Amino acid sequence: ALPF
Amino acid sequence: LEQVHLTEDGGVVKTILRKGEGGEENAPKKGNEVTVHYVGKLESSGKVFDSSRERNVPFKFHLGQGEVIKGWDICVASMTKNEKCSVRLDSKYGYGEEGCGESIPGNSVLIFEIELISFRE
Amino acid sequence: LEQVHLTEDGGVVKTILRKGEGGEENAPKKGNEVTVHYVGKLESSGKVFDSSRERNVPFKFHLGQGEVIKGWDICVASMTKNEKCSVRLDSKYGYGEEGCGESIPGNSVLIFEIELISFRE
């Protein structure tokens, strides 16, 4: 859930 | 420049801009801490959503451990030390149908420029 | 136990489960690489969405550099070596109105148990  | 398809669905496609160093000692292995610089933008709008170059802080993660999106684990595993690439990620290898946060819509294709600076066990 | 409101909006509220070590040398500084274990779940359902303990790989990031959700930068900056806490993040300090991927809906409150293992420059 990285990067954003 | 030649494009390397890293998956068979054309969802992870790497173009090498600067060739890294040769030899096995310059290729990272599963579990290694890799240190990279990156810039990510949306393909559709061209807008940058994140960059390690902005704060001037090389970004570190453990390869193949799911600390980052799938396309990164795939792309960085194919790189060698000092390589700079651009990689195009279908949403399947990014943030999928739902997207993530304010800058990444559902079903977004992502483009990253990624430089592999170093890695260690 | 005491609940420390790390922001005035009540959006980052840290409960210390295990007191860490005192002494200025045992508190991290902006830019330092911090090594943590964490378990994150949704407050509403208590469903765990991500955990470094799963893979048993301590997670490292550079404190205060925007590498992680804001609530982590704020929470970890308040911790000392060996501290274990539970922190409640309003969505403003997490993944916001949009949420992120399959497991984190928009407007979710997150609860993380975070242990600060060690840090270095």
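Bear in mind that the values in this text are calculations on the coordinates, not laboratory data. Quick reminder, even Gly has a Cβ in these numbers, built from the backbone with ideal geometry, and neighbours come from all protein chains shown.
The table below lists the values:
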read-out	value
In nm, spacing of pseudo-spin labels at C:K92 and C:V4 (7 Å Cα→C-beta vector)	2.0
Contact order normalised by residue count of chain C, Cα under 8 Å, 6+ apart, percent	34
Rounded to whole Hz, the Karplus (6.51, -1.76, 1.60) HN-Hα couplings of the stretch B:41-48, x for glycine and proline	9, 7, 4, 6, 10, x, 7, 6
Nonlocal amide H pairs with C:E83, under 5 Å, H built at 1.01 Å	C:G20, C:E21, C:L116
Shielding of C:45-54 by partner chains, average beta-carbon count, 10 Å	1
Cβ-vector label at 7 Å, C:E2, separations to other copies in nm	6.3
Within chain C, helix-based [θ] at 222 nm, where runs of 4 or more DSSP H residues each add -39,500 (n - 2.57), nearest 500	-2000 deg cm²/dmol
Label 7 Å beyond Cα on the Cβ vector: C:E43 copy-to-copy distances, nm	3.8
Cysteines in chain B lacking a second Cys C-beta under 4.7 Å	B:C75, B:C85
Chain B, rotation onto C, residue closest to that axis via Cβ, with its distance in Å	B:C100, 2
Using a 7 Å Cα-to-Cβ projection, C:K29 label spacings across copies, nm, ascending	3.6
Residue-by-residue Karplus 3J(HN,Hα) for the stretch C:25-36, coefficients 6.51, -1.76, 1.60, Hz, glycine and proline x	5, 9, 10, x, 10, 3, x, 4, 7, 9, 10, 10
The stretch C:2-121: antiparallel DSSP beta bridges as a percent of all, rounded to 5	100
Rg/Rg_globular for the stretch C:3-121, with Rg_globular taken as 2.2 N^0.38 Å and Rg from C-alpha atoms	1.00
Likely footprinting exposure, C:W72, B:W72, fewest C-beta neighbours within 10 Å first	C:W72, B:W72
³J(HN,Hα), Karplus 6.51/-1.76/1.60, whole Hz, each residue of the stretch B:101-111, x for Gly, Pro	x, 6, 9, 10, x, x, 6, 8, 7, 10, 10
Burial order of peptide ranges C:84-91, C:2-9, B:101-108 (average beta-carbon count within 10 Å, highest first)	C:84-91, B:101-108, C:2-9
Per-pair calculated FRET efficiency, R0 = 25 Å: C:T35 and B:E24 via Cβ, rounded to 0.05	0.35
